[PDB]
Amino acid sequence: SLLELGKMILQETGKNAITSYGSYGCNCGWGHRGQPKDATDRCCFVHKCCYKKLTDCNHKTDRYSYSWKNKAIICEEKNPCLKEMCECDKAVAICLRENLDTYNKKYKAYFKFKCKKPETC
């Protein structure tokens, strides 16, 4: 669920998921589609590709079990669909952290940039 995702993002990036990534670029956030503007945005594109293919559970509301163990994320979820959700979320948290070096606050304001047509997953 968004609760686990938000915690993972805090754990890995040190950032507030909602304020830093709730509306960033063409892919980070509800309703956001379009070609990625930078590496952070690409993380969010990959993430949506990852979870949108799952049919048997809900990314937003279904909670799952994971541990923050030895300063990393371990998906410890028995439900196969929720384990896949967890892996998608783990991947985006890591990706966002690895790309902090190019995070750009300009992409938090939708009017400041244009979005090209989305690429395929």
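Note that residue numbering begins at 1 and tracks the sequence as displayed.
- Higher mean CA B-factor, judged across 84 to 92 and 47 to 55 from the recorded values: 47 to 55.
- On average the C-alpha atoms of 108 to 116 have higher B-factors than those of the other stretch, with 108 to 116 and 95 to 103 being the two compared.
- Compared with the other modelled residues of the chain, the Cα B-factor recorded for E76 ranks in the highest third.
- In the PDB entry, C121 places in the highest third of its chain by CA B-factor.
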